[PDB]
Protein chains: 2
Amino acid sequence: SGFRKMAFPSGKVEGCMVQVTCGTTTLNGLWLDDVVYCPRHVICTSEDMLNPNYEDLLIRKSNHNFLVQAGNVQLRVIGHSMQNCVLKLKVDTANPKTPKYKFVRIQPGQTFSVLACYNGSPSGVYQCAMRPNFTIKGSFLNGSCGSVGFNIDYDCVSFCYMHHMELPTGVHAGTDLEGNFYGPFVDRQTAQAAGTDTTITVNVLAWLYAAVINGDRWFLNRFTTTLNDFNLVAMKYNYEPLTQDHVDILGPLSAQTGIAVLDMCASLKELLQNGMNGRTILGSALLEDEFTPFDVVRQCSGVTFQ
Amino acid sequence: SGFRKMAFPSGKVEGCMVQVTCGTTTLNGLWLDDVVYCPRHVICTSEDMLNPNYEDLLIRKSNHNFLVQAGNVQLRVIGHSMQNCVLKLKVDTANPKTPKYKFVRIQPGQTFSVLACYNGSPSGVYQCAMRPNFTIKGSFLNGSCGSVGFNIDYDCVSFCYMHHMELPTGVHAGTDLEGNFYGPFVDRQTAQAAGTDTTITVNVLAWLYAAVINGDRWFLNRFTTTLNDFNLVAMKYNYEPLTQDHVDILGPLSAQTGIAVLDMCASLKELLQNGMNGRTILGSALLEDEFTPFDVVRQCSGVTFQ
Ligand SMILES: *[C@](O)(C(N)=O)[C@H](CC1CCC1)NC(=O)[C@@H]1[C@@H]2[C@H](CN1C(=O)[C@@H](NC(=O)NC(C)(C)C)C(C)(C)C)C2(C)C
Ligand SMILES: *[C@](O)(C(N)=O)[C@H](CC1CCC1)NC(=O)[C@@H]1[C@@H]2[C@H](CN1C(=O)[C@@H](NC(=O)NC(C)(C)C)C(C)(C)C)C2(C)C
């Protein structure tokens, strides 16, 4: 038993990380087949960041200005192109460690693993949720740009995030692997706002299920609610509305525990209205929303990866 | 910026995980050079677990009764021996993915990464602290025995933990890689108690430093304390005593923030006596003790690994 926030094993992604240098800027790239993907602001000086014309800046660069290094070994750059907010560098060698992969656009409320890298060298791995306001709460210092997010389905790596920037209070923003930002952000050092965020209700319920599965059940009560009644409570507490689609997704956890989703909702309602009264659930004194239903099913059933 | 509980990249350890089967029991093994290490209770039936004589049980087994599989490929077992609570299976092939490694005995209050595996297949990675009572709070289902804990110093993997058993409330126990249990535990399904645990004070202070470094500073106050005065407070709250050795270890974080350790102690004292008043620190509503000083320095300075 036990329930922990868990990342995917990172080995398949470690084999794809490279260092990309353009002039004075060193950040990370992702090497898959004969292409290296990295944030396009690798081409910028500090002053360019304030108001960049990326088309004009990239015109000043040639293949030989992009220094790509895979471990100690230099890659030869034979082409370059900009796709949205990423740069793609064509190299003369296919990465012999290329895993089976896809590029996916993750939905708000879903999770992924981040392999934080510096100078093309993997530092550590952690899980993130894509917040409803299209930000993540990660750990990214200067040098981490180009670090990626991913999920692993058996042997296939689905890349979903590349790190670009930070917003006030350690809030992080980035792109899919086609260079499209999640959310309203642009890659310019100028005032920008993230939306109001909201709590991912289906994820809170999944985590309460995880708690019951792990024997932490003090918060279960004699009550029930309706979808409508729960949703009036969700709206007062800045929780996203619960839908029948979410009830259906919670089915495996309802079946494992025998606790109907609307009875677990009545527990959640009492925890929102009354607080935790100094008690903890799965070692937390707050209601946790960064575990998806799949995350709880996968962990509380033991799925693995080749 | 940002501060997250982060595991080491797991690729070097993924390349060492195998499946070990003896009769009806399948669990994980660790393949380094031409040896596979696994928990010795792989040899037990369910009934044997209740009161095993491991010497007598192992005598009934030959090399060809240990089925070792590395991916889809079978290893040949050419010798077996028991060392404390592990079995060592000599195989006829050195693991070609063997990293630079050491076996270390971790101290209480230190952290390590766990690569949770099932059937020899890596499932996920998370960080654990060795509690002062020589247990860990992990996520281990049936099939996870033999999963290991480790740290990475640049390119060298220091293995420190192998998973064996669970105690009430999802508390986990296991051995070093010489098969010596951490704590008082024995590998028998009979009543056993873990000691009273205590909170790792130096780790709480490191995490308050992490909070200040990340701009979360509402809990800083106009007060100071002494080592003696703080320690009377630590004892009332089941915190380990703070020593000058711990003050010295916190030096890099004191220097980064300009906040003397005894001034941060005065903040900790007020948080213990008054609680958090419904506020959070680095996204937590509890005081966190599973980050070492090195963990905070490494993350809040960006150290990486080859
Ligand atoms: C990466 O490029 C990298 N080299 O690692 C970097 C990570 C940050 C963490 C400190 C350096 N990303 C940026 O520097 C990024 C690039 C400029 C400025 N960036 C920011 O993240 C800035 N944020 C920002 O201006 N926020 C708003 C837009 C005002 C809310 C920093 C002030 C953190 C540097 C661009 C192109 C956005
Ligand atoms: C592993 O062997 C494995 N196959 O994965 C297993 C992990 C646990 C998680 C459920 C199965 N470890 C054990 O089964 C372990 C082996 C027997 C019994 N074990 C226990 O962990 C038991 N705990 C226990 O008896 N606790 C005390 C000692 C009474 C406090 C379980 C009841 C969880 C099975 C031995 C040799 C200790």
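Numbering, chain B: per Swiss-Prot, residues 3264-3569 in sequence.
Cβ coordinates are placed from backbone N, Cα and C, and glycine is handled just like the others.
According to Swiss-Prot, the domain 'Peptidase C30' annotation covers B:3264-3569, on the basis of sequence analysis.
In this structure, B:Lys3268 (ubiquitin cross-link) belongs to neither helix nor strand by DSSP; it is coil. Per Swiss-Prot, the feature ubiquitin cross-link maps to B:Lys3268 (among others); the stated evidence is experimental evidence.
Look at B:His3304 (active site, for 3CL-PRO activity): DSSP puts it in a helix. Among the features that Swiss-Prot reports, active site, for 3CL-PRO activity is placed at B:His3304.
Annotation source Swiss-Prot lists ubiquitin cross-link at B:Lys3353 (among others). When secondary structure is read from DSSP and collapsed to three states, B:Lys3353 (ubiquitin cross-link) falls in the strand class.
For B:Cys3408 (active site, nucleophile), applying a Cβ distance below 8 Å and a minimum sequence separation of six or more within one chain yields B:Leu3290, B:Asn3291, B:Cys3301, B:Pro3302, B:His3304, B:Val3305, B:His3426, B:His3427, B:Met3428. What Swiss-Prot lists as active site, nucleophile is B:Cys3408.
Proximity to chain A, defined as a C-beta distance under 8 Å, is registered for the following recorded positions out of B:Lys3268, B:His3304, B:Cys3408: B:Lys3268. For the recorded positions B:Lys3268, B:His3304, B:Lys3353, counting C-beta atoms within 10 A of each C-beta gives the highest total at B:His3304. DSSP assigns B:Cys3408 (active site, nucleophile) to coil in the three-state reduction, placing it in neither a helix nor a strand. A Cβ distance below 6 Å to any atom of ligand 2 is met, among the recorded positions B:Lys3268, B:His3304, B:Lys3353, B:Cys3408, by B:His3304, B:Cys3408.
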